[PDB]
């Protein structure tokens, strides 16, 4: 049986190729997670189909219906066999799905438009002229909803009440908002994507400050699925052989246009 692999369009993990229109199936896509899947699949010995998660989300639970969306939902409700994406290992998710050991480390970070007088979360939290938000339906937004350390609680309180909404549907949307808001909008997102964007034309954004936390991405499977075991072992072997570090260099820095 072919493995249904759910993933999301997010750079530089999974992207459509320049010439995608003439390509078919898995060949249409390229990127870090695209290579990883091939590798995972090779060492685990399976054929698989890359499909793009329908609602374009990572996954969260509707507090009312208790229904999961995003890639989490596709796994939980049986639509997909495995998620290969920049999906953050968290407690509420681990309660309903399986994660492999982290294939990549990262932290919540701040993106600014160059020249923006912000150096920290502290800075953001003690001012009002510059708006800031996060990705909706992701681990980052949950972070602030659950974090009552002084600075963060203050920020969440501002964000959860802010108007018009500081929250965004995708990273691209968040990133475009920073770029067009003449420095009046900052964007909270994971260091991996932040660092990546900093190295792309128009080269007008930067990561300022350090990460707010430490965590990781895991390959996810439905609870107690037969693939979880081998997948997990594969990730370890891949990390140990330098392949992961190799892919990260290939997709981040070898592919960087801000010299």
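Here the rigid core means the biggest group of C-alpha atoms that line up within 1.5 Å when the two forms are laid on top of each other. Numbering follows the first chain given and starts at 1.
Two stretches, 98-106 and 120-128, are weighed by how far their CA atoms sit from the shown form in 4 other deposited structures of this protein after rigid core superposition; the farther one is 120-128. Comparing 200-208 with 61-69 in 4 other deposited structures of this protein, after superposition on the rigid core, the stretch with the greater RMS C-alpha deviation is 200-208. The mean C-alpha temperature factor is higher for 23-31 when 23-31 and 48-56 are set side by side. For the pair 187-195 and 204-212, the record assigns the higher mean C-alpha temperature factor to 204-212. Reading the B-factor column for the CA atoms of 169, 141, 93, 148 in the entry, the top value corresponds to 148. When the C-alpha B-factors of 103, 132, 77, 99 are read from the PDB record, the largest value belongs to 132. Sort the chain's modelled residues by C-alpha temperature factor and residue 232 lands in the lowest third, per the entry. Residue 248 sits in the middle third of its chain by CA B factor, as recorded in the PDB entry. In this PDB entry, residue 83 carries a Cα temperature factor that places it within the lowest third of its chain's modelled residues. Placement of the Cα temperature factor of residue 117 within the chain: middle third of the modelled residues, per the deposited record.
When the modelled residues of the chain are ordered by C-alpha B-factor, residue 225 sits in the middle third.
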